[PDB]
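Enquirer: Structure in structure tokens, see below.
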Amino acid sequence: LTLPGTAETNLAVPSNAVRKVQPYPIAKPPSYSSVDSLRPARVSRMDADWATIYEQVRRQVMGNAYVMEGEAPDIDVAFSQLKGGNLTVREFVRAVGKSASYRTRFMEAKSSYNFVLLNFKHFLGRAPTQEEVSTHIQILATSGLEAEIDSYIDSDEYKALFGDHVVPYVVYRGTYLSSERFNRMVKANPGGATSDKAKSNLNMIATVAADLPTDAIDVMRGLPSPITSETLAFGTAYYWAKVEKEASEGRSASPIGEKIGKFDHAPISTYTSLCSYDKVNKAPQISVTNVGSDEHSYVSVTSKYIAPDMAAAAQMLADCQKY
Amino acid sequence: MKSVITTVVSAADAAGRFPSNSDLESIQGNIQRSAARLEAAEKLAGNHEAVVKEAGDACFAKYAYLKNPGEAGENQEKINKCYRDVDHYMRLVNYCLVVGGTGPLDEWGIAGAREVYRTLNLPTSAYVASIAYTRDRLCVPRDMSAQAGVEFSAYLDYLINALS
Amino acid sequence: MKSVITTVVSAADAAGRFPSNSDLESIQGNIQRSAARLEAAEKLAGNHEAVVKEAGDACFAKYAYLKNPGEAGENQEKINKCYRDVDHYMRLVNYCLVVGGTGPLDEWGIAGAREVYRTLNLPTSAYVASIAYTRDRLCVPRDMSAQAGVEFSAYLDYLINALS
Amino acid sequence: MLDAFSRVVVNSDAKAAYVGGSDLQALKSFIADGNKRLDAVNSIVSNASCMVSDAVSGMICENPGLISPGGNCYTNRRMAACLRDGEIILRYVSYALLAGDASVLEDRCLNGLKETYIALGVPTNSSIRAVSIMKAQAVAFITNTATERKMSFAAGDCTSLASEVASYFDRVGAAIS
Amino acid sequence: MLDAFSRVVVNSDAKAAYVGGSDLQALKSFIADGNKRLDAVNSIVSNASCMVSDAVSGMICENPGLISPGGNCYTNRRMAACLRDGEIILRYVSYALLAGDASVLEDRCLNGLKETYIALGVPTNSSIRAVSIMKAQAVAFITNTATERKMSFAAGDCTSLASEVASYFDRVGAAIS
Amino acid sequence: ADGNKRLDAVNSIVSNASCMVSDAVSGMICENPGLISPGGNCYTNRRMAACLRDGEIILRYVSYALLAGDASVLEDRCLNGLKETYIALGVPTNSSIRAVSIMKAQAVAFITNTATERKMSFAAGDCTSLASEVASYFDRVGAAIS
Amino acid sequence: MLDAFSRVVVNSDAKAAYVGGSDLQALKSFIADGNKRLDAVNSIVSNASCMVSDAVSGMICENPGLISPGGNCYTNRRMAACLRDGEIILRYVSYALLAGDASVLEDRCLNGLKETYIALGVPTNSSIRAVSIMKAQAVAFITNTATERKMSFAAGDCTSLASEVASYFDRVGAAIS
Ligand SMILES: *C(=C)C1=C(C)[C@@H](Cc2[nH]c(/C=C3N=C(/C=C4\NC(=O)[C@H](C)[C@H]4[C@@H](*)C)C(C)=C\3CCC(=O)O)c(CCC(=O)O)c2C)NC1=O
Ligand SMILES: *C(C)[C@H]1/C(=C/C2=NC(=C\c3[nH]c(C[C@H]4NC(=O)C(C=C)=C4C)c(C)c3CCC(=O)O)/C(CCC(=O)O)=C2C)NC(=O)[C@@H]1C
Ligand SMILES: *[C@@H](C)[C@H]1/C(=C/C2=NC(=C\c3[nH]c(C[C@H]4NC(=O)C(C=C)=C4C)c(C)c3CCC(=O)O)/C(CCC(=O)O)=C2C)NC(=O)[C@@H]1C
Ligand SMILES: *[C@@H](C)[C@H]1/C(=C/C2=NC(=C\c3[nH]c(C[C@H]4NC(=O)C(C=C)=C4C)c(C)c3CCC(=O)O)/C(CCC(=O)O)=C2C)NC(=O)[C@@H]1C
Ligand SMILES: *[C@H](C)[C@H]1/C(=C/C2=NC(=C\c3[nH]c(C[C@H]4NC(=O)C(C=C)=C4C)c(C)c3CCC(=O)O)/C(CCC(=O)O)=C2C)NC(=O)[C@@H]1C
Ligand SMILES: *[C@H](C)[C@H]1/C(=C/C2=NC(=C\c3[nH]c(C[C@H]4NC(=O)C(C=C)=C4C)c(C)c3CCC(=O)O)/C(CCC(=O)O)=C2C)NC(=O)[C@@H]1C
Ligand SMILES: *[C@H](C)[C@H]1/C(=C/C2=NC(=C\c3[nH]c(C[C@H]4NC(=O)C(C=C)=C4C)c(C)c3CCC(=O)O)/C(CCC(=O)O)=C2C)NC(=O)[C@@H]1C
Ligand SMILES: *[C@H](C)[C@H]1/C(=C/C2=NC(=C\c3[nH]c(C[C@H]4NC(=O)C(C=C)=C4C)c(C)c3CCC(=O)O)/C(CCC(=O)O)=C2C)NC(=O)[C@@H]1C
Ligand SMILES: *[C@H](C)[C@H]1/C(=C/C2=NC(=C\c3[nH]c(C[C@H]4NC(=O)C(C=C)=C4C)c(C)c3CCC(=O)O)/C(CCC(=O)O)=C2C)NC(=O)[C@@H]1C
Ligand SMILES: *[C@H](C)[C@H]1/C(=C/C2=NC(=C\c3[nH]c(C[C@H]4NC(=O)C(C=C)=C4C)c(C)c3CCC(=O)O)/C(CCC(=O)O)=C2C)NC(=O)[C@@H]1C
Ligand SMILES: *[C@H](C)[C@H]1/C(=C/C2=NC(=C\c3[nH]c(C[C@H]4NC(=O)C(C=C)=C4C)c(C)c3CCC(=O)O)/C(CCC(=O)O)=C2C)NC(=O)[C@@H]1C
Ligand SMILES: *[C@H](C)[C@H]1/C(=C/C2=NC(=C\c3[nH]c(C[C@H]4NC(=O)C(C=C)=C4C)c(C)c3CCC(=O)O)/C(CCC(=O)O)=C2C)NC(=O)[C@@H]1C
Ligand SMILES: *[C@H](C)[C@H]1/C(=C/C2=NC(=C\c3[nH]c(C[C@H]4NC(=O)C(C=C)=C4C)c(C)c3CCC(=O)O)/C(CCC(=O)O)=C2C)NC(=O)[C@@H]1C
Ligand SMILES: C=CC1=C(C)[C@@H](Cc2[nH]c(/C=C3N=C(/C=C4\NC(=O)[C@H](C)[C@H]4CC)C(C)=C\3CCC(=O)O)c(CCC(=O)O)c2C)NC1=O
């Protein structure tokens with residue numbers, strides 16, 4: 001709508017009131033990256049057409065949304081101005097992210113930690129750290145939705161990697177800022193037919209990007225690499241661990257047993273108190289309300305509630321030489 | 001879904017704030033229509049078989065070319081399928097009078113219609129014949145009250161506008 | 001600015017679609033709820049120089065450390081700045097009641113306020129001790145109507161909760 | 001952006017003036033015939049796709065120089081943009097009838113539509129004619145003066161709003177000429 | 001996602017029925033007392049920032065080892081994180097009390113809350129205790145049995161709606177445990 | 001017969017059940033600090049978290065035993081073989097006696113409203129026959145693990 | 001990513017061998033029957049839109065629970081999303097028929113199809129019936145035995161290519177199970 005040449009909106013720094021649009025797309029990062037030679041090329045504004053550009057925005061920024069022919073009319077408005085020169089493809093993904101189509105399938109249907117994890121995947125093509133989560137989740141409590149999307153696009157990380165004329169994509173760099181920044185980017189970005197839509201919570205990277213420890217499982221990293229790097233690892237060797245992983249990433253199993261929260265229990269034969277292991281540590285959960293004559297004082301036997309293993313210190317800390 | 005209570009808790013949460021006083025003005029507007037459209041909802045629900053008894057063979061009364069072979073209506077079972085195709089719409093017209101918005105009509109009847117009816121060779125001009133016949137057949141004092149028949153007929157050219 | 005008129009024509013602008021049928025239902029609440037708050041303004045605007053004098057001094061009756069040397073109200077012309085600092089708040093509450101929402105209270109009286117009063121060393125508890133004395137001087141049979149007397153009280157707490 | 005209840009406060013913060021019973025009577029008069037305004041948008045967006053497709057078709061039957069090679073509605077892609085360019089401004093008029101002032105229509109549709117339409121080559125003398133029929137269609141609904149569709153309302157008048165939308169469909173004529 | 005209006009049409013969609021007049025007077029009852037519930041969500045958002053800080057400091061005053069070094073609420077960054085770890089729970093049950101059911105609460109505030117608190121080291125029974133206090137403070141705000149602050153209402157009953165908000169405050173307690 | 005006081009006395013225990021286990025564990029260290037010494041039972045992070053679990057199972061089983069009113073499900077799915085498994089795990093029975101005796105003495109203060117840091121705003125009366133009935137359950141679970 | 005020529009030279013690089021005489025002899029026969037492959041791709045993508053609507057409708061007529069409520073092609077958006085779902089499959093089998101090995105099919109179409117079908121709830125054996133109809137339609141379209149539409153090629157034997165394109169539809173049905 002704005003003006004037929006604009007490079008940046010909203011005036012967050014003073015140097016965009018004088019800034020020109022880049023005439024040519026920005027180069028790749030100059031480190032080596034042996035995995036990027038096995039990758040498809042960059043889709044940019046100069047080389048591609050509008051059938052390639054609208055497909056590759058839908059394949060990265062929208063995930064795989066399966067956008068129908070009538071639905072998302074707001075993205076058809078922001079695509080009508082991209083072809084007219086009114087906004088760049090940096091500003092086109094800013095209009096996509098602040099649209100109602102991006103909201104109704106990533107904000108109001110997913111979780112709150114899970115919304116921040118998809119925005120690094122859609123706009124930056126990687127996964128955050130826990131210090132990067134807690135600064136983007138304060139904006140969702142104090143400034144809402146639109147100031148959070150505006151912090152990705154106006155970041156220094158965006159304009160160095162993509163600039164004004166390159167669609168976002170998974171950048172393979174060579175040297176990364178940590179070694180865990182590599183293998184969380186690969187885990188968050190698999191290839192075809194993935195579509196983070198009914199995966200109603202991530203729950204594997206939602207607890208791996210909550211610790212600066214817990215480097216995650218290597219079969220979620222050998223899977224989404226380019227092939228000719230993972231042949232002679234996927235005949236039938238690590239292949240069955242991938243079969244189990246994809247049956248437990250879909251249907252979204254929670255990692256309270258195996259990955260976070262790790263209590264080696266006692267043997268089965270060493271107690272034999274309440275017979276079987278199925279019903280061993282069950283004790284009832286009782287909640288009353290006591291408001292007038294509508295209570296439903298319902299005792300339920302809750303499950304095996306386990307030790308916090310974090311709230312038990314405190315113990316051997318609050319009473320170390322004391323008590 | 002695309003309702004009045006969903007579009008105020010999403011406008012509260014896109015700015016990250018509490019329920020204010022400006023969304024409590026909106027739910028007072030729900031009190032002023034749910035004696036009109038809620039008893040418009042029961043009038044369609046009791047007369048649901050007798051309006052497609054009107055509008056079902058009134059669709060073929062306009063266009064009778066597609067009761068031929070090589071076409072979209074081949075035999076009696078496709079015409080029995082076609083009456084199921086229109087009875088799903090008056091189900092969804094009933095559903096968005098209980099909800100209030102255009103919630104159930106979009107993602108259950110409207111989204112993907114340009115995909116499905118083009119590839120399966122179904123003409124959209126006969127779909128807008130059945131609902132526009134149902135629009136002008138609404139008489140105000142015979143059927144219901146007066147304002148119950150306003151947002152009844154405001155949903156009937158909603159989905160005509162999504163198929164024109 | 002954050003009206004019930006604006007927040008549904010901006011939610012539908014972000015989706016790129018027409019004014020809906022429940023979008024015309026939140027305006028129907030303003031056919032109902034506006035007449036309670038429109039006489040809330042006339043009891044405020046005819047009596048606005050009363051309440052800034054008789055409850056701007058109540059924080060000074062609360063806080064007798066403010067007129068010490070080296071403090072927030074040093075001289076007379078900072079106390080004259082203080083009854084202007086509380087008449088600006090009731091002018092925005094008057095602007096909120098005739099708009100409908102918390103429109104003018106956000107960007108003219110809440111945004112920026114966490115940075116200004118800490119850098120200028122103005123204590124934030126002395127503002128909310130003034131607003132809570134205005135909130136606890138309401139009664140139904142004298143001051144205003146009992147439905148305007150709950151919603152004028154439902155803006156002063158929002159100015160408290162954005163500063164406390 | 002700004003509605004009619006918020007237009008009166010930004011005319012009154014500049015005096016630092018409290019709003020009250022010498023200009024609340026125009027603000028009570030918005031809510032007086034508010035349901036006449038609220039039936040008006042029900043008679044625009046309901047029969048809206050036939051409203052926008054007629055005005056571009058009658059602009060073609062009024063000037064067949066756009067269908068020739070080199071015309072601005074020549075090929076199949078340009079007609080779909082011309083069907084789409086006309087139904088954005090139909091939506092932004094109804095975003096101002098629901099508000100009560102053209103703050104949304106000026107600052108979300110028209111701020112830059114002149115300088116866009118110079119750089120493409122689209123003729124401005126046909127876009128005046130294409131929005132002239134959409135003015136004349138909308139006044140046949142809120143005075144109920146349409147031939148092939150007679151919608152029933154509470155009988156009386158809405159002759160105020162028939163000039164009010166004719167204040168909105170020519171602000172686009174002011175910006176694009 | 002869903003209010004109480006669309007909950008009864010999802011449940012009438014799996015069995016392919018209409019929404020007739022036989023199962024409407026559970027929902028036609030609810031919009032009879034539309035104004036009863038709607039003042040009762042203003043009783044929670046008025047003293048909302050008061051009831052957060054009384055909940056979290058009363059959680060501290062029973063387990064006083066969280067302010068000790070190594071405690072989860074020890075440093076000044078983590079106390080600010082904990083004080084809006086309890087403001088999100090207050091906002092997302094005030095959405096659900098306005099709507100009618102906890103379908104906007106269980107998917108955005110509670111879907112993945114369990115391992116977010118397990119991995120970060122947030123102790124489990126202290127966070128149960130800090131929302132058990134928010135259960136008790138909310139049901140006294142709408143039975144008008146808050147002992148210090150009383151709010152002005154039309155005099156009647158609201159015991160249907162204290163039991164509604166009590167069930168949301170241990171959906172959080174059953175999803176954290 | 002005594003229905004309304006019975007729901008009051010289960011409300012005064014399950015609300016403060018997270019102090020009642022964290023004080024009964026800490027008092028057990030407070031008069032025997034050899035559990036947290038190297039070689040003692042509640043020494044690690046792994047074994048302390050099992051002991052804070054075990055006081056919650058014993059308190060939630062005597063919470064229901066007041067609610068039903070009879071000590072019958074307390075002995076047949078909590079105490080029907082708890083003595084034989086603490087000797088097989090090496091749980092010291094001298095220390096577990098001083099954890100059910102604290103949780104007895106916190107429970108009788110909560111029901112009779114004689115807790116020295118909190119007065120729950122009840123109605124007036126005498127909830128004193130129920131306080132010896134909670135004490136009747138608490139001597140029984142102490143006589144089991146011995 | 002790999003064609004039929006480069007599947008040879010990744011097997012020669014595993015021995016560090018030169019592509020000599022005995023292993024080029026299978027590859028010169030690939031090019032001499034090289035226009036038979038090119039007529040075989042053209043007879044698939046010409047009648048491709050009828051092919052994918054016929055597969056997803058015969059899946060309905062043998063298992064009519066999918067149009068019922070509780071199904072998976074019940075909703076009009078769900079039927080549109082299924083009709084595109086079995087249209088990506090015919091686009092990637094025709095890339096593998098053009099290239100000569102299932103390399104592009106195995107990683108850009110099948111790599112994560114079982115993961116997104118468990119989470120979305122798509123039935124696995126009802127998807128089997130959709131692609132086994134397309135197995136029967138593809139071996140009839142390139143052997144010219146289709147009854148309703150006849151193509152026009154020269155005379156010869158294209159039955160090695162029907163065993164080739166059946167080998168690519170078997171990998172879709174195996175990776176989905
Ligand atoms: C020394 C290092 C040391 C102890 C000895 C032991 C202290 C101890 N405290 C009690 C009694 C109670 N504990 C209670 C629990 C709480 N009080 C509260 O108000 C909150 C809700 C809750 C969480 C902290 C209660 C209610 C009591 C009874 C009242 C009272 O104090 O008398 C006992 C049992 C009684 C006894 O002394 O025999 C003991 C042993 N902890 C130490 O650290
Ligand atoms: C209701 C709680 C009591 C009651 C209290 C009294 N108020 C008295 C004076 C008074 N009250 C206000 C605030 C009120 N007047 C306004 O104009 C506005 C809004 C703009 C409000 C909220 C003011 C400013 C004043 C002083 C001037 C005046 O009288 O209007 C009062 C008289 C004694 C006194 O001045 O302190 C009483 C007793 N009155 C009641 O009857 C119920 C019980
Ligand atoms: C329970 C918490 C209270 C209680 C509540 C009741 N309120 C009743 C009616 C009622 N509530 C409103 C609030 C509404 N008015 C506004 O101006 C705004 C905000 C802008 C709101 C949200 C109104 C107007 C009414 C009157 C409804 C009418 O009759 O027109 C009420 C009566 C039941 C009913 O009719 O809804 C009750 C019981 N009363 C109590 O005693 C407890 C403590
Ligand atoms: C579109 C009409 C194509 C075309 C496609 C072919 N379809 C072939 C076989 C086939 N078609 C169906 C679906 C049909 N049968 C039903 O029972 C129902 C309803 C429940 C429908 C819609 C089925 C089940 C099959 C059999 C698949 C199989 O053998 O497993 C087919 C092969 C037979 C032939 O025609 O030679 C083709 C080529 N036919 C055309 O000519 C246009 C281009
Ligand atoms: C078809 C007649 C099936 C059936 C299909 C459905 N598939 C649905 C969604 C879907 N499918 C894929 C995989 C596909 N898309 C790709 O991009 C690629 C490879 C590059 C492939 C193989 C994806 C990624 C998605 C989700 C994307 C989106 O949201 O648009 C689907 C939608 C589920 C729903 O919304 O209900 C259906 C119905 N289901 C059936 O019953 C038959 C067997
Ligand atoms: C206070 C009552 C608790 C406690 C709280 C802590 N929470 C911490 C981090 C945290 N919490 C959440 C969940 C919450 N935040 C959200 O934004 C949303 C919804 C979108 C919800 C439900 C998240 C996601 C996070 C991580 C990101 C963040 O910083 O907000 C936390 C900080 C841990 C640390 O790094 O030290 C604390 C202390 N902990 C307690 O001990 C009491 C019981
Ligand atoms: C050489 C002595 C080793 C060996 C090395 C290889 N490393 C390969 C790829 C690679 N390495 C890293 C880790 C490195 N990058 C970092 O950012 C950091 C820490 C900050 C470290 C330690 C990454 C992340 C990657 C892949 C990503 C990329 O290249 O862009 C590699 C390539 C594999 C291949 O393509 O064939 C090799 C060969 N391997 C050896 O045989 C010796 C033992
Ligand atoms: C003993 C531990 C308490 C105490 C209790 C008494 N409560 C008496 C009457 C009473 N209690 C309740 C609450 C109760 N009834 C319920 O339905 C539920 C729901 C779970 C609860 C917690 C009510 C509603 C009533 C009746 C109203 C009233 O109090 O008048 C009571 C009177 C004797 C009797 O009738 O049993 C006693 C002694 N009082 C105490 O001092 C401690 C703290
Ligand atoms: C109103 C303009 C006239 C009038 C018109 C007639 N209607 C006639 C029959 C009829 N109309 C409907 C549709 C209506 N009934 C419904 O239940 C619903 C939806 C809930 C609608 C829109 C139906 C189904 C029928 C058949 C008989 C019936 O069930 O009522 C009619 C008879 C002959 C004809 O079809 O033209 C006339 C004359 N009748 C009036 O009394 C006012 C003045
Ligand atoms: C369905 C089409 C609409 C509808 C639209 C209305 N059009 C109105 C007036 C009007 N229409 C045209 C275009 C027409 N005249 C032609 O000569 C040609 C072809 C060359 C066409 C397509 C014109 C020129 C005009 C007059 C505008 C003017 O010049 O001032 C109109 C108002 C009056 C009337 O009914 O004719 C409407 C309401 N009618 C409907 O009911 C649906 C919504
Ligand atoms: C039809 C009755 C007109 C006409 C329309 C055309 N518009 C064309 C392109 C175009 N239009 C706009 C403005 C539009 N987009 C917006 O976002 C907003 C307001 C928020 C409006 C009004 C833009 C930005 C563009 C460029 C992006 C794009 O659509 O490609 C257009 C295509 C030109 C061509 O290439 O042939 C046409 C034909 N032209 C006419 O002659 C009548 C008057
Ligand atoms: C803490 C106050 C104690 C103490 C506790 C330990 N218990 C250990 C294991 C354990 N405890 C139980 C009993 C408890 N669990 C139940 O399921 C039920 C009844 C339903 C009760 C009362 C069982 C069955 C087990 C074995 C099963 C398991 O460990 O998962 C334990 C061992 C931890 C370890 O060594 O790995 C400890 C330390 N010990 C103490 O010294 C104080 C007195
Ligand atoms: C198997 C699917 C058919 C069949 C195929 C044969 N085609 C033969 C020769 C031939 N075919 C084409 C068509 C194809 N080549 C292209 O370059 C393009 C489009 C770019 C297409 C669609 C051409 C040009 C030729 C040229 C040689 C010639 O015929 O003069 C052929 C002859 C043997 C051979 O060339 O290998 C066969 C057997 N015929 C059949 O009977 C089945 C059904
Ligand atoms: C050691 C520290 C310590 C505290 C900080 C308090 C915290 C506290 N407050 C209440 C209980 C309550 N807390 C409030 C909250 C408030 N009351 C108001 O008037 C304000 C509006 C708001 C504080 C700003 C209310 C309304 C109740 C209900 C009873 C009451 O009014 O006291 C309860 C009991 C809840 C329960 O268990 O059922 C507790 C533990 N108590 C403590 O022991």
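Just remember, in the structure tokens the first chain shown is A, the second B, etc., residues are 1-based per chain, and ligands are 1-based in the order shown.
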Looking only at the backbone, which of the residues in chain F does DSSP tag as alpha helix (DSSP H), as a VMD selection string?
Expert: chain F and resid 3 to 14 17 to 30 45 to 68 73 to 76 83 to 89 93 to 111 131 to 144
Enquirer: Cα-based RMSD, chain C fitted onto chain B, all atoms paired in sequence order: value?
Expert: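 The C-alpha RMSD comes to 0.6 Å.
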Enquirer: For chain E, which residues have at least one atom within 10 Å of chain F, if we go by only C-alpha atoms? Write them as a list in words, please.
Expert: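 Those within range of chain F come out as residues 62, 63, 124, 125, 126, 128, 129, 132 and 133 of chain E.
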Enquirer: Filtering to C-alpha atoms, could you give me those residues as an mmCIF file, in the first residue's frame?
Expert:
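And here is the file that came out, out-v1.cif:
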```
data_model
loop_
_atom_site.group_PDB
_atom_site.id
_atom_site.type_symbol
_atom_site.label_atom_id
_atom_site.label_comp_id
_atom_site.auth_asym_id
_atom_site.auth_seq_id
_atom_site.Cartn_x
_atom_site.Cartn_y
_atom_site.Cartn_z
ATOM 1 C CA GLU E 62 5.629 -21.172 53.699
ATOM 2 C CA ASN E 63 8.703 -22.627 51.939
ATOM 3 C CA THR E 124 6.557 -28.931 41.591
ATOM 4 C CA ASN E 125 4.698 -28.593 44.914
ATOM 5 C CA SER E 126 5.595 -24.923 45.335
ATOM 6 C CA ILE E 128 0.945 -26.166 42.965
ATOM 7 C CA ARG E 129 0.791 -24.079 46.160
ATOM 8 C CA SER E 132 -3.849 -23.176 45.054
ATOM 9 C CA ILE E 133 -3.819 -19.685 46.580
#
```
Enquirer: Please identify the residues whose atoms come within 8 Å of ligand 3, using only C-alpha atoms and all ligand atoms, and report them as an MDAnalysis selection string.
Expert: (chainID B and resid 21:22 24:25 28) or (chainID C and resid 33 36:37 147:148 150:151 154) or (chainID E and resid 32:43 141:144 152:159 161)
Enquirer: Please find the residues contacting ligand 8 at a distance of at most 6 Å between atoms, with only C-alpha atoms and all ligand atoms counted, and report them as a ChimeraX atom specification.
Expert: /A:288-290,295,297 /F:2,4-5,7-9,111-113,122-127
Enquirer: Would you kindly report the residues of chain B within 6 Å of chain E, using only C-alpha atoms, as a PyMOL selection string?
Expert: chain B and resi 18+42+45+99
Enquirer: Please produce a file of those selected residues containing C-alpha atoms, as a PDB file, in the first residue's frame.
Expert:
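Wrote part25.pdb, looks like this:
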```pdb
ATOM      1  CA  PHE B  18      -6.230  -8.921  30.170  1.00  0.00           C
ATOM      2  CA  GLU B  42     -34.921 -24.108  15.816  1.00  0.00           C
ATOM      3  CA  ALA B  45     -33.974 -27.442  12.511  1.00  0.00           C
ATOM      4  CA  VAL B  99     -22.457 -19.934  17.349  1.00  0.00           C
TER       5      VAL B  99
END
```
